[PDB]
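Coordinates as given in coords28.cif (mmCIF, C-alpha atoms and all ligand atoms; chains and numbers go by the auth columns):
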```
data_protein
loop_
_atom_site.group_PDB
_atom_site.id
_atom_site.type_symbol
_atom_site.label_atom_id
_atom_site.label_comp_id
_atom_site.label_asym_id
_atom_site.label_seq_id
_atom_site.Cartn_x
_atom_site.Cartn_y
_atom_site.Cartn_z
_atom_site.B_iso_or_equiv
_atom_site.auth_seq_id
_atom_site.auth_asym_id
ATOM 1 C CA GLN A 1 7.054 -13.922 -22.058 0.00 13 A
ATOM 2 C CA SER A 2 5.792 -11.963 -24.943 0.00 14 A
ATOM 3 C CA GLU A 3 6.768 -8.534 -26.073 0.00 15 A
ATOM 4 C CA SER A 4 3.973 -6.538 -24.406 0.00 16 A
ATOM 5 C CA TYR A 5 3.640 -8.256 -21.000 0.00 17 A
ATOM 6 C CA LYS A 6 7.318 -7.906 -20.150 0.00 18 A
ATOM 7 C CA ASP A 7 7.144 -4.180 -20.885 0.00 19 A
ATOM 8 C CA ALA A 8 4.119 -3.832 -18.609 0.00 20 A
ATOM 9 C CA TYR A 9 5.938 -5.994 -16.117 0.00 21 A
ATOM 10 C CA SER A 10 8.987 -3.721 -16.163 0.00 22 A
ATOM 11 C CA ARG A 11 7.078 -0.876 -14.489 0.00 23 A
ATOM 12 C CA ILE A 12 4.541 -2.764 -12.422 0.00 24 A
ATOM 13 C CA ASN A 13 7.140 -5.007 -10.964 0.00 25 A
ATOM 14 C CA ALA A 14 9.210 -1.886 -10.320 0.00 26 A
ATOM 15 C CA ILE A 15 6.201 -0.426 -8.586 0.00 27 A
ATOM 16 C CA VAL A 16 5.845 -3.404 -6.174 0.00 28 A
ATOM 17 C CA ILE A 17 9.590 -3.388 -5.530 0.00 29 A
ATOM 18 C CA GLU A 18 9.622 0.341 -4.704 0.00 30 A
ATOM 19 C CA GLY A 19 6.448 0.087 -2.674 0.00 31 A
ATOM 20 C CA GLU A 20 8.078 -2.629 -0.603 0.00 32 A
ATOM 21 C CA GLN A 21 11.385 -0.864 0.082 0.00 33 A
ATOM 22 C CA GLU A 22 9.393 2.139 0.982 0.00 34 A
ATOM 23 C CA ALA A 23 7.076 0.195 3.215 0.00 35 A
ATOM 24 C CA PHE A 24 10.171 -1.180 4.945 0.00 36 A
ATOM 25 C CA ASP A 25 11.602 2.308 5.590 0.00 37 A
ATOM 26 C CA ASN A 26 8.236 3.578 6.838 0.00 38 A
ATOM 27 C CA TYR A 27 7.852 0.913 9.507 0.00 39 A
ATOM 28 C CA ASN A 28 11.370 1.453 10.884 0.00 40 A
ATOM 29 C CA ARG A 29 10.450 5.197 10.984 0.00 41 A
ATOM 30 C CA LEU A 30 7.075 4.545 12.812 0.00 42 A
ATOM 31 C CA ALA A 31 9.037 2.407 15.247 0.00 43 A
ATOM 32 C CA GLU A 32 10.700 5.570 16.497 0.00 44 A
ATOM 33 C CA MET A 33 7.562 7.664 16.887 0.00 45 A
ATOM 34 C CA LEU A 34 5.791 4.850 18.747 0.00 46 A
ATOM 35 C CA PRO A 35 8.456 3.352 20.987 0.00 47 A
ATOM 36 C CA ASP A 36 6.106 1.228 23.211 0.00 48 A
ATOM 37 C CA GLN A 37 5.378 -1.068 20.198 0.00 49 A
ATOM 38 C CA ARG A 38 8.822 -0.957 18.724 0.00 50 A
ATOM 39 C CA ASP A 39 9.857 -4.516 17.946 0.00 51 A
ATOM 40 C CA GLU A 40 6.589 -5.863 16.551 0.00 52 A
ATOM 41 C CA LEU A 41 6.945 -2.909 14.199 0.00 53 A
ATOM 42 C CA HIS A 42 10.539 -3.873 13.545 0.00 54 A
ATOM 43 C CA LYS A 43 9.144 -7.274 12.559 0.00 55 A
ATOM 44 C CA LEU A 44 6.584 -5.710 10.200 0.00 56 A
ATOM 45 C CA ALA A 45 9.599 -3.899 8.789 0.00 57 A
ATOM 46 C CA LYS A 46 11.961 -6.834 8.443 0.00 58 A
ATOM 47 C CA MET A 47 9.113 -8.761 6.921 0.00 59 A
ATOM 48 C CA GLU A 48 8.606 -6.105 4.212 0.00 60 A
ATOM 49 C CA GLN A 49 12.117 -6.697 3.075 0.00 61 A
ATOM 50 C CA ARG A 50 11.712 -10.331 2.330 0.00 62 A
ATOM 51 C CA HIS A 51 8.759 -9.246 0.103 0.00 63 A
ATOM 52 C CA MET A 52 11.099 -6.964 -1.908 0.00 64 A
ATOM 53 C CA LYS A 53 13.432 -9.973 -2.536 0.00 65 A
ATOM 54 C CA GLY A 54 10.309 -12.011 -3.329 0.00 66 A
ATOM 55 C CA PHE A 55 9.219 -9.690 -6.061 0.00 67 A
ATOM 56 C CA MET A 56 12.762 -9.256 -7.409 0.00 68 A
ATOM 57 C CA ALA A 57 12.734 -13.030 -8.009 0.00 69 A
ATOM 58 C CA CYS A 58 9.498 -12.818 -10.085 0.00 70 A
ATOM 59 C CA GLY A 59 11.045 -10.282 -12.426 0.00 71 A
ATOM 60 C CA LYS A 60 14.222 -12.275 -12.786 0.00 72 A
ATOM 61 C CA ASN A 61 11.963 -15.306 -13.440 0.00 73 A
ATOM 62 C CA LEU A 62 10.390 -13.638 -16.482 0.00 74 A
ATOM 63 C CA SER A 63 13.721 -12.185 -17.316 0.00 75 A
ATOM 64 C CA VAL A 64 12.782 -8.521 -17.046 0.00 76 A
ATOM 65 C CA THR A 65 14.576 -5.389 -15.883 0.00 77 A
ATOM 66 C CA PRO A 66 12.468 -3.262 -13.579 0.00 78 A
ATOM 67 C CA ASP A 67 12.099 0.416 -14.285 0.00 79 A
ATOM 68 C CA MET A 68 13.063 1.846 -10.833 0.00 80 A
ATOM 69 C CA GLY A 69 12.883 5.427 -12.038 0.00 81 A
ATOM 70 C CA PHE A 70 9.243 5.092 -12.940 0.00 82 A
ATOM 71 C CA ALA A 71 8.499 3.414 -9.667 0.00 83 A
ATOM 72 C CA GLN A 72 10.390 5.923 -7.540 0.00 84 A
ATOM 73 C CA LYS A 73 8.473 8.834 -9.033 0.00 85 A
ATOM 74 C CA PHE A 74 5.300 6.760 -9.051 0.00 86 A
ATOM 75 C CA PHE A 75 5.624 6.982 -5.298 0.00 87 A
ATOM 76 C CA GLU A 76 7.161 10.471 -4.892 0.00 88 A
ATOM 77 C CA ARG A 77 4.083 12.322 -3.805 0.00 89 A
ATOM 78 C CA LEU A 78 3.079 9.906 -0.995 0.00 90 A
ATOM 79 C CA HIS A 79 6.505 9.194 0.413 0.00 91 A
ATOM 80 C CA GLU A 80 7.183 12.855 0.774 0.00 92 A
ATOM 81 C CA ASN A 81 3.786 13.305 2.436 0.00 93 A
ATOM 82 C CA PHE A 82 4.732 10.520 4.846 0.00 94 A
ATOM 83 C CA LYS A 83 8.146 11.907 5.494 0.00 95 A
ATOM 84 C CA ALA A 84 6.677 15.370 6.160 0.00 96 A
ATOM 85 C CA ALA A 85 4.412 13.823 8.783 0.00 97 A
ATOM 86 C CA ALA A 86 7.247 11.745 10.293 0.00 98 A
ATOM 87 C CA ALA A 87 9.262 14.940 10.706 0.00 99 A
ATOM 88 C CA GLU A 88 6.369 16.445 12.666 0.00 100 A
ATOM 89 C CA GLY A 89 5.958 13.358 14.846 0.00 101 A
ATOM 90 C CA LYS A 90 2.421 13.095 13.418 0.00 102 A
ATOM 91 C CA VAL A 91 2.135 9.341 13.757 0.00 103 A
ATOM 92 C CA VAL A 92 -1.576 9.190 12.889 0.00 104 A
ATOM 93 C CA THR A 93 -1.014 10.342 9.324 0.00 105 A
ATOM 94 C CA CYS A 94 1.933 8.043 8.980 0.00 106 A
ATOM 95 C CA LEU A 95 -0.299 5.146 9.960 0.00 107 A
ATOM 96 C CA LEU A 96 -3.191 6.291 7.699 0.00 108 A
ATOM 97 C CA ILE A 97 -0.867 6.687 4.744 0.00 109 A
ATOM 98 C CA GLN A 98 1.112 3.462 5.154 0.00 110 A
ATOM 99 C CA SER A 99 -0.936 0.888 7.073 0.00 111 A
ATOM 100 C CA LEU A 100 -4.400 1.777 5.769 0.00 112 A
ATOM 101 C CA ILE A 101 -4.033 3.334 2.360 0.00 113 A
ATOM 102 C CA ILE A 102 -0.817 1.709 1.192 0.00 114 A
ATOM 103 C CA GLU A 103 -1.535 -1.864 2.385 0.00 115 A
ATOM 104 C CA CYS A 104 -5.215 -1.798 1.262 0.00 116 A
ATOM 105 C CA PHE A 105 -3.854 -0.770 -2.137 0.00 117 A
ATOM 106 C CA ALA A 106 -1.519 -3.805 -1.945 0.00 118 A
ATOM 107 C CA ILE A 107 -4.206 -6.237 -0.667 0.00 119 A
ATOM 108 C CA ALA A 108 -6.574 -5.318 -3.470 0.00 120 A
ATOM 109 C CA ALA A 109 -3.884 -5.376 -6.230 0.00 121 A
ATOM 110 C CA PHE A 110 -2.337 -8.731 -5.287 0.00 122 A
ATOM 111 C CA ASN A 111 -5.701 -10.568 -4.886 0.00 123 A
ATOM 112 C CA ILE A 112 -6.344 -9.234 -8.408 0.00 124 A
ATOM 113 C CA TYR A 113 -2.831 -10.308 -9.541 0.00 125 A
ATOM 114 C CA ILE A 114 -2.845 -13.898 -8.208 0.00 126 A
ATOM 115 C CA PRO A 115 -5.500 -15.382 -10.453 0.00 127 A
ATOM 116 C CA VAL A 116 -3.715 -14.009 -13.523 0.00 128 A
ATOM 117 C CA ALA A 117 -0.071 -14.425 -12.471 0.00 129 A
ATOM 118 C CA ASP A 118 2.257 -16.796 -14.302 0.00 130 A
ATOM 119 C CA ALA A 119 2.899 -19.780 -11.953 0.00 131 A
ATOM 120 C CA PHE A 120 6.041 -18.793 -9.953 0.00 132 A
ATOM 121 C CA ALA A 121 4.561 -15.376 -9.297 0.00 133 A
ATOM 122 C CA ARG A 122 1.219 -16.497 -7.856 0.00 134 A
ATOM 123 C CA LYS A 123 3.169 -18.614 -5.407 0.00 135 A
ATOM 124 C CA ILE A 124 5.089 -15.731 -3.869 0.00 136 A
ATOM 125 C CA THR A 125 2.167 -13.259 -4.003 0.00 137 A
ATOM 126 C CA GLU A 126 -0.089 -15.656 -2.091 0.00 138 A
ATOM 127 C CA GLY A 127 2.866 -15.758 0.274 0.00 139 A
ATOM 128 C CA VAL A 128 2.880 -11.951 0.522 0.00 140 A
ATOM 129 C CA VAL A 129 -0.871 -11.257 0.689 0.00 141 A
ATOM 130 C CA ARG A 130 -1.028 -13.260 3.941 0.00 142 A
ATOM 131 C CA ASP A 131 1.442 -10.829 5.450 0.00 143 A
ATOM 132 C CA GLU A 132 -0.228 -7.575 4.406 0.00 144 A
ATOM 133 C CA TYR A 133 -3.587 -8.543 6.044 0.00 145 A
ATOM 134 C CA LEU A 134 -1.618 -8.420 9.302 0.00 146 A
ATOM 135 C CA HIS A 135 -0.026 -5.038 8.420 0.00 147 A
ATOM 136 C CA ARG A 136 -3.451 -3.593 7.756 0.00 148 A
ATOM 137 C CA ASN A 137 -4.631 -5.082 11.030 0.00 149 A
ATOM 138 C CA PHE A 138 -1.830 -3.436 13.038 0.00 150 A
ATOM 139 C CA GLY A 139 -2.598 0.018 11.718 0.00 151 A
ATOM 140 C CA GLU A 140 -6.242 -0.873 12.351 0.00 152 A
ATOM 141 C CA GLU A 141 -5.696 -1.963 15.995 0.00 153 A
ATOM 142 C CA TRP A 142 -3.690 1.102 16.873 0.00 154 A
ATOM 143 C CA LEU A 143 -5.991 3.634 15.264 0.00 155 A
ATOM 144 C CA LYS A 144 -9.165 2.084 16.634 0.00 156 A
ATOM 145 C CA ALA A 145 -7.587 2.119 20.097 0.00 157 A
ATOM 146 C CA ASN A 146 -6.866 5.823 19.851 0.00 158 A
ATOM 147 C CA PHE A 147 -9.755 6.806 17.562 0.00 159 A
ATOM 148 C CA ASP A 148 -11.008 9.759 19.593 0.00 160 A
ATOM 149 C CA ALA A 149 -7.634 11.504 19.924 0.00 161 A
ATOM 150 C CA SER A 150 -6.736 10.563 16.344 0.00 162 A
ATOM 151 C CA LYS A 151 -9.880 11.376 14.355 0.00 163 A
ATOM 152 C CA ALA A 152 -9.434 15.083 13.524 0.00 164 A
ATOM 153 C CA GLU A 153 -6.026 14.406 11.962 0.00 165 A
ATOM 154 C CA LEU A 154 -7.182 11.195 10.237 0.00 166 A
ATOM 155 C CA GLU A 155 -9.828 13.237 8.535 0.00 167 A
ATOM 156 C CA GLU A 156 -7.115 15.711 7.392 0.00 168 A
ATOM 157 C CA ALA A 157 -4.606 12.992 6.418 0.00 169 A
ATOM 158 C CA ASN A 158 -7.310 11.381 4.293 0.00 170 A
ATOM 159 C CA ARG A 159 -8.115 14.329 2.054 0.00 171 A
ATOM 160 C CA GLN A 160 -4.411 15.005 1.609 0.00 172 A
ATOM 161 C CA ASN A 161 -3.347 11.540 0.497 0.00 173 A
ATOM 162 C CA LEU A 162 -6.430 9.727 -0.769 0.00 174 A
ATOM 163 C CA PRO A 163 -6.391 11.853 -3.996 0.00 175 A
ATOM 164 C CA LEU A 164 -2.810 10.703 -4.621 0.00 176 A
ATOM 165 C CA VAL A 165 -3.681 7.003 -4.694 0.00 177 A
ATOM 166 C CA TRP A 166 -6.285 7.529 -7.338 0.00 178 A
ATOM 167 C CA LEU A 167 -3.645 9.128 -9.507 0.00 179 A
ATOM 168 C CA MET A 168 -1.506 6.137 -8.713 0.00 180 A
ATOM 169 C CA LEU A 169 -4.354 3.829 -9.546 0.00 181 A
ATOM 170 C CA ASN A 170 -5.060 5.609 -12.784 0.00 182 A
ATOM 171 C CA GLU A 171 -1.426 5.532 -13.807 0.00 183 A
ATOM 172 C CA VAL A 172 -1.222 1.782 -13.312 0.00 184 A
ATOM 173 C CA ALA A 173 -4.399 1.234 -15.262 0.00 185 A
ATOM 174 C CA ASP A 174 -2.876 0.603 -18.623 0.00 186 A
ATOM 175 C CA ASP A 175 0.111 -1.590 -17.561 0.00 187 A
ATOM 176 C CA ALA A 176 -2.261 -3.486 -15.289 0.00 188 A
ATOM 177 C CA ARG A 177 -4.548 -4.300 -18.164 0.00 189 A
ATOM 178 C CA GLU A 178 -1.792 -6.105 -20.108 0.00 190 A
ATOM 179 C CA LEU A 179 -1.094 -8.107 -16.980 0.00 191 A
ATOM 180 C CA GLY A 180 -4.751 -9.175 -17.168 0.00 192 A
ATOM 181 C CA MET A 181 -5.916 -6.893 -14.361 0.00 193 A
ATOM 182 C CA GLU A 182 -9.296 -5.353 -15.101 0.00 194 A
ATOM 183 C CA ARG A 183 -9.176 -1.816 -13.753 0.00 195 A
ATOM 184 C CA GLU A 184 -12.693 -1.832 -12.356 0.00 196 A
ATOM 185 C CA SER A 185 -11.630 -4.656 -10.078 0.00 197 A
ATOM 186 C CA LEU A 186 -8.723 -2.553 -8.803 0.00 198 A
ATOM 187 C CA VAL A 187 -10.878 0.440 -8.349 0.00 199 A
ATOM 188 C CA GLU A 188 -13.820 -1.414 -6.771 0.00 200 A
ATOM 189 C CA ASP A 189 -11.605 -3.549 -4.535 0.00 201 A
ATOM 190 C CA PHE A 190 -9.467 -0.736 -3.069 0.00 202 A
ATOM 191 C CA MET A 191 -12.436 1.391 -2.061 0.00 203 A
ATOM 192 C CA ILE A 192 -14.190 -1.504 -0.363 0.00 204 A
ATOM 193 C CA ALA A 193 -11.000 -2.508 1.389 0.00 205 A
ATOM 194 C CA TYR A 194 -10.384 1.082 2.542 0.00 206 A
ATOM 195 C CA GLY A 195 -14.018 1.731 3.426 0.00 207 A
ATOM 196 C CA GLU A 196 -14.161 -1.415 5.545 0.00 208 A
ATOM 197 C CA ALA A 197 -10.852 -0.358 7.094 0.00 209 A
ATOM 198 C CA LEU A 198 -12.294 3.071 7.992 0.00 210 A
ATOM 199 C CA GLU A 199 -15.475 1.616 9.518 0.00 211 A
ATOM 200 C CA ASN A 200 -13.514 -0.911 11.592 0.00 212 A
ATOM 201 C CA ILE A 201 -11.422 1.996 12.988 0.00 213 A
ATOM 202 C CA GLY A 202 -14.405 3.922 14.371 0.00 214 A
ATOM 203 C CA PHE A 203 -15.778 5.854 11.426 0.00 215 A
ATOM 204 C CA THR A 204 -19.482 5.778 10.740 0.00 216 A
ATOM 205 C CA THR A 205 -20.869 4.887 7.318 0.00 217 A
ATOM 206 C CA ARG A 206 -21.831 8.462 6.384 0.00 218 A
ATOM 207 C CA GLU A 207 -18.461 9.830 7.392 0.00 219 A
ATOM 208 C CA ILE A 208 -16.724 7.180 5.347 0.00 220 A
ATOM 209 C CA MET A 209 -18.707 8.185 2.320 0.00 221 A
ATOM 210 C CA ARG A 210 -17.544 11.750 2.662 0.00 222 A
ATOM 211 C CA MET A 211 -13.904 10.750 2.873 0.00 223 A
ATOM 212 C CA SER A 212 -13.849 8.501 -0.176 0.00 224 A
ATOM 213 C CA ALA A 213 -15.246 11.391 -2.134 0.00 225 A
ATOM 214 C CA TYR A 214 -11.941 13.089 -2.525 0.00 226 A
ATOM 215 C CA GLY A 215 -10.815 11.268 -5.676 0.00 227 A
HETATM 216 FE FE FE B . 4.959 -5.730 1.930 0.00 301 B
HETATM 217 FE FE FE B . 3.112 -4.408 4.032 0.00 302 B
#
```

In structure tokens, what does this structure look like?
Amino acid sequence: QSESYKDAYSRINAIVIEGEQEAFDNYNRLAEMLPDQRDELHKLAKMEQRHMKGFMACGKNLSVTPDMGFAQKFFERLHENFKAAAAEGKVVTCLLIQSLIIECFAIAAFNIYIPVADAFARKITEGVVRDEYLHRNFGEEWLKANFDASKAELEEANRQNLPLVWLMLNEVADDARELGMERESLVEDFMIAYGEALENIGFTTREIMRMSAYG
């Protein structure tokens, strides 16, 4: 509740709020492109929205106004990349962007946030991190099941959006530090999460190396 933390919390908290609204909208949109799995998607969606409320509460708790503008342009480049794939019915990219890259970013950041969160906030985030492991898994089940048809596009979707997360990660860097998040942990933990995610899908270790290398 000091001067500097709250400021850092105004944008970071805004980032998780925006990420969550966005994640909500993206699952409802995937729902349409993949109708056979529509309502377990719908549930991933309607789940995302209770996260948004969750993280609004943590800001109100500390008595801080989120900076939605910052957040919304924090996310501009990905969302529009997602949207441009939705509009082409390219569902593979939409899954790579949202379920693998976006959730792995979340999984790594929260696990890093929890040990340093002030007490009300580590309660909800432990509550959320449970739920994103499942979101990552869904994108993981689907992609692994269609790996052969999906791989050429996955490869292309990776080089186009993986550079954007690193910019996102480097932007957070400073405001994460004053929240007690050591940037090397963010950096280290997202790559391992994503790398494991790629391997599980059907990518070999050498391939995976090549893909990470676009940051
Ligand atoms: Fe979420
Ligand atoms: Fe999620």

(message) Evaluated on this file, the PyMOL selection byres (((not hetatm)) within 7 of (chain B and resi 302)) picks out some residues - which ones are they, written as an MDAnalysis selection string?
(response) chainID A and resid 35 60 115 143:144 147

Could you write those residues out with C-alpha atoms, as a compact mmCIF listing (two decimals), in the frame of the given file?
```txt
# COMPACT_ATOMS: atom_id res chain seq x y z
CA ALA A 35 7.08 0.20 3.22
CA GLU A 60 8.61 -6.10 4.21
CA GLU A 115 -1.54 -1.86 2.38
CA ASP A 143 1.44 -10.83 5.45
CA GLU A 144 -0.23 -7.58 4.41
CA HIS A 147 -0.03 -5.04 8.42
```

Hey, can you check how far atom CA of residue A:64 sits from atom CA of residue A:155?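 Computing the Euclidean distance for atom CA of residue A:64 and atom CA of residue A:155 yields 26.4 Å.
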
Which polymer residues, whether protein, DNA or RNA, lie within 10 Å of the coordinate (13.0, 6.3, 2.2) when you count only C-alpha atoms? List them as a short mmCIF file (atom, residue, chain, number, x, y, z; two decimals) with C-alpha atoms, keeping the file's coordinate frame, using the chain letters and numbers from the file.
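Result written to part-v3.cif:
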```cif
data_model
loop_
_atom_site.label_atom_id
_atom_site.label_comp_id
_atom_site.auth_asym_id
_atom_site.auth_seq_id
_atom_site.Cartn_x
_atom_site.Cartn_y
_atom_site.Cartn_z
CA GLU A 30 9.62 0.34 -4.70
CA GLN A 33 11.38 -0.86 0.08
CA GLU A 34 9.39 2.14 0.98
CA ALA A 35 7.08 0.20 3.22
CA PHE A 36 10.17 -1.18 4.94
CA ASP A 37 11.60 2.31 5.59
CA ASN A 38 8.24 3.58 6.84
CA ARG A 41 10.45 5.20 10.98
CA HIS A 91 6.50 9.19 0.41
CA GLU A 92 7.18 12.86 0.77
CA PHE A 94 4.73 10.52 4.85
CA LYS A 95 8.15 11.91 5.49
#
```

Ligand FE 301 (chain B) neighbours within 12 Å using all atoms listed in the file, as a ChimeraX atom specification = /A:27-39,55-67,110-111,114-119,122,136-148

(message) Suppose a student applies the PyMOL selection byres (((chain A and resi 206) around 10) and not hetatm) to this structure; what residues should they get, written as a ChimeraX atom specification?
(response) /A:112-117,120,148,201-205,207-212,220,224

Using only C-alpha atoms, please write the residues we just selected to a file, as a CSV table (one decimal), in the frame of the given file.
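Below is the file that was written, selection.csv:
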```
chain,number,residue,atom,x,y,z
A,112,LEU,CA,-4.4,1.8,5.8
A,113,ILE,CA,-4.0,3.3,2.4
A,114,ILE,CA,-0.8,1.7,1.2
A,115,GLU,CA,-1.5,-1.9,2.4
A,116,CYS,CA,-5.2,-1.8,1.3
A,117,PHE,CA,-3.9,-0.8,-2.1
A,120,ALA,CA,-6.6,-5.3,-3.5
A,148,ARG,CA,-3.5,-3.6,7.8
A,201,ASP,CA,-11.6,-3.5,-4.5
A,202,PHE,CA,-9.5,-0.7,-3.1
A,203,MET,CA,-12.4,1.4,-2.1
A,204,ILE,CA,-14.2,-1.5,-0.4
A,205,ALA,CA,-11.0,-2.5,1.4
A,207,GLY,CA,-14.0,1.7,3.4
A,208,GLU,CA,-14.2,-1.4,5.5
A,209,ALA,CA,-10.9,-0.4,7.1
A,210,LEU,CA,-12.3,3.1,8.0
A,211,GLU,CA,-15.5,1.6,9.5
A,212,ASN,CA,-13.5,-0.9,11.6
A,220,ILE,CA,-16.7,7.2,5.3
A,224,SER,CA,-13.8,8.5,-0.2
```

What are the closest atom pairs, with distances in Å to one decimal, for each residue of stretch 90-134 of chain A lying within 10 Å of stretch 158-168 of chain A, using all atoms listed in the file, rows by chain and rising residue number, as JSON lines?
```
{"residue": "A:102", "atom": "CA", "partner": "A:165", "partner_atom": "CA", "distance": 8.7}
{"residue": "A:103", "atom": "CA", "partner": "A:162", "partner_atom": "CA", "distance": 9.3}
{"residue": "A:104", "atom": "CA", "partner": "A:162", "partner_atom": "CA", "distance": 6.4}
{"residue": "A:105", "atom": "CA", "partner": "A:166", "partner_atom": "CA", "distance": 6.3}
{"residue": "A:106", "atom": "CA", "partner": "A:166", "partner_atom": "CA", "distance": 9.7}
{"residue": "A:107", "atom": "CA", "partner": "A:166", "partner_atom": "CA", "distance": 9.2}
{"residue": "A:108", "atom": "CA", "partner": "A:166", "partner_atom": "CA", "distance": 6.8}
{"residue": "A:109", "atom": "CA", "partner": "A:166", "partner_atom": "CA", "distance": 9.5}
```

Which of A:127, A:81, A:47, A:101 sits closest to residue A:193 [using all atoms listed in the file]: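 Counting all atoms listed in the file, the residue closest to residue A:193 is A:127.
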
| task | Rank nothing, just name the residue among A:223, A:150, A:197, A:191 nearest to residue A:169, using only C-alpha atoms. | result |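 Smallest distance to residue A:169 is found for A:223.
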
(message) Applying the PyMOL selection byres (((chain A and resi 22) around 9) and not hetatm) to the file I just gave you, which residues come out? Please list them as a PyMOL selection string.
(response) chain A and resi 17-21+23-27+71+76-80

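With all atoms listed in the file as the basis for measurement, A:199 is the residue among A:90, A:157, A:199, A:46 that approaches residue A:182 most closely.
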
Ranking A:213, A:128, A:133, A:121 by minimum distance to residue A:184 and counting only C-alpha atoms, which one comes first?
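Going through A:213, A:128, A:133, A:121 one by one, the smallest distance to residue A:184 is for A:121.
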
Quick one: of A:68, A:97, A:13, A:84, who's nearest to residue A:173, counting all atoms listed in the file?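 Using all atoms listed in the file, residue A:173 sits closest to A:97.
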
Exercise for review: Go ahead and compute the interatomic distance for atom CA of residue A:214 and atom CA of residue A:98, in Å to one decimal.
Suggested key: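 Atom-to-atom, atom CA of residue A:214 and atom CA of residue A:98 are spaced 23.4 Å apart.
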
**Message:** Could you tell me how far atom CA of residue A:178 sits from atom CA of residue A:89, in Å to one decimal place?
**Reply:**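 Taking atom CA of residue A:89 as the start and atom CA of residue A:178 as the end point, the length is 12.0 Å.
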
Size and centre in Å, one decimal, axis-aligned box, all listed stretch 215-226 of chain A atoms plus 8 Å per side, as JSON:
```
{"center_x": -16.9, "center_y": 9.0, "center_z": 4.5, "size_x": 25.9, "size_y": 24.2, "size_z": 30.0}
```
